[PDB]
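Novice: Just dropping this structure here.
Nothing in this text is a laboratory measurement; each read-out follows from the coordinates by a stated rule. So basically every Cβ, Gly included, is an ideal-geometry build from the backbone, and we count neighbours across all protein chains shown.
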Amino acid sequence: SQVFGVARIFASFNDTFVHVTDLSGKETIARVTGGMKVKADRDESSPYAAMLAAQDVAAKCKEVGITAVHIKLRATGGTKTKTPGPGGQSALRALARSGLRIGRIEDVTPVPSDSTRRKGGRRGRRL
RNA sequence: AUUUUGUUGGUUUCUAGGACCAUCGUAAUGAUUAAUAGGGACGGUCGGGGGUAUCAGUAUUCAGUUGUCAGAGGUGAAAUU
Ligand SMILES: [Mg+2]
Ligand SMILES: [Mg+2]
Ligand SMILES: [Mg+2]
Ligand SMILES: [Mg+2]
């Protein structure tokens, strides 16, 4: 039917990555971050910047031949937060409303089997 | 060693007295409970109890291959980077 890439979306709390590869992931087709759409550091991870990022990502994809994508959402993971950033849901919604068709959706947040020590110290970050 | 042989050492037997040893006979012959104390044995277990090895798991960081291209990071907001 359609020709699938894989939209590997990394939505942290400081930025939002929209990166579409082939199925293998060794070939990158389009990579637009929320920081290429705004000039303020404070909203690099905003839903607005992620939606704009997906439209440019979506815009670049049609001219290469990608008509549909699979979604691999991840949060920062590791020792840091496992919840996705605010930009991951809007960039995903933008892709569906941009004419790209969506296949499988998966969370690929890296999750440790206990892991190494987390930054911040014993008492946490005191504010 | 108490006696008394007129005496004093006598003298060693005698006589008596403990103290043991054997035989025999008497006897209902002789060992308190097993603590809702404890200790110990034993039987199926049960535990993230301990020690020594051994095998996972993803993650983190660093590096090699790739791939694209302008930002990335981080914060309440930034800057150092
Ligand atoms: Mg406080
Ligand atoms: Mg008893
Ligand atoms: Mg049983
Ligand atoms: Mg050992």
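Novice: Before we move on, is A:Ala94 in contact (Cβ under 8 Å) with a residue 12 or more places away in the chain, buried (at least 20 other Cβ atoms within 10 Å of the Cβ), more than 30 Å from A:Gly121 (Cβ to Cβ) and in contact with a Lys or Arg (Cβ under 7 Å, 6 or more places away or on another chain)?
Specialist: Numbers: in contact (Cβ under 8 Å) with a residue 12 or more places away in the chain: yes; buried (at least 20 other Cβ atoms within 10 Å of the Cβ): yes; more than 30 Å from A:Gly121 (Cβ to Cβ): yes; in contact with a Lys or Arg (Cβ under 7 Å, 6 or more places away or on another chain): no.
Against the criterion (in contact (Cβ under 8 Å) with a residue 12 or more places away in the chain, buried (at least 20 other Cβ atoms within 10 Å of the Cβ), more than 30 Å from A:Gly121 (Cβ to Cβ) and in contact with a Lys or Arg (Cβ under 7 Å, 6 or more places away or on another chain)), A:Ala94 does not qualify.
Novice: All but one of (1) over 30 Å from A:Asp114 (Cβ atoms); (2) touching a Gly at 6+ places or on another chain (Cβ under 9 Å); (3) loosely packed, with under 15 Cβ neighbours inside 10 Å hold for A:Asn14; state the number of the condition that does not hold.
Specialist: That leaves (1) as the condition not met.
Novice: Please go through region A:97-117 and pick out each residue that is over 30 Å from A:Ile66 (Cα atoms) and either over 23 Å from the mean Cα position of the chain (by Cα) or hydroxyl-bearing (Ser, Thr, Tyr) (or both).
Specialist: Hits for region A:97-117 are A:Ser113, A:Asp114, A:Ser115, A:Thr116, A:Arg117.
Novice: Let me spell it out: the conditions are (1) part of a loop (DSSP other than H, G, I, E, B); (2) touching an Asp or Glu at 6+ places or on another chain (Cβ under 6 Å); (3) of a type in the set (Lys, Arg), and A:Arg125 meets all of them except one. Which number is the exception?
Specialist: It fails just one condition, (2).
Novice: Another question, if that's okay. Tell me the strands (runs of 3 or more DSSP E) entirely within region A:6-112 that contain at least 2 residues that are near RNA strand B (Cβ under 9 Å from one of its atoms) and touching an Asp or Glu at 6+ places or on another chain (Cβ under 9 Å). Step through it out loud before you land on a result.
Specialist: Working: elements: A:16-21, A:28-33, A:68-74, A:101-107.
By residue number, A:16-21, A:28-33.
Novice: Separate question: Output yes when any residue across region A:51-71 is surrounded by 18 or more Cβ atoms within 10 Å (Cβ to Cβ) and closer than 27 Å to A:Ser113 by Cβ, and no when none is.
Specialist: Taking every residue of region A:51-71 in turn, at least one turns out to be surrounded by 18 or more Cβ atoms within 10 Å (Cβ to Cβ) and closer than 27 Å to A:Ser113 by Cβ.
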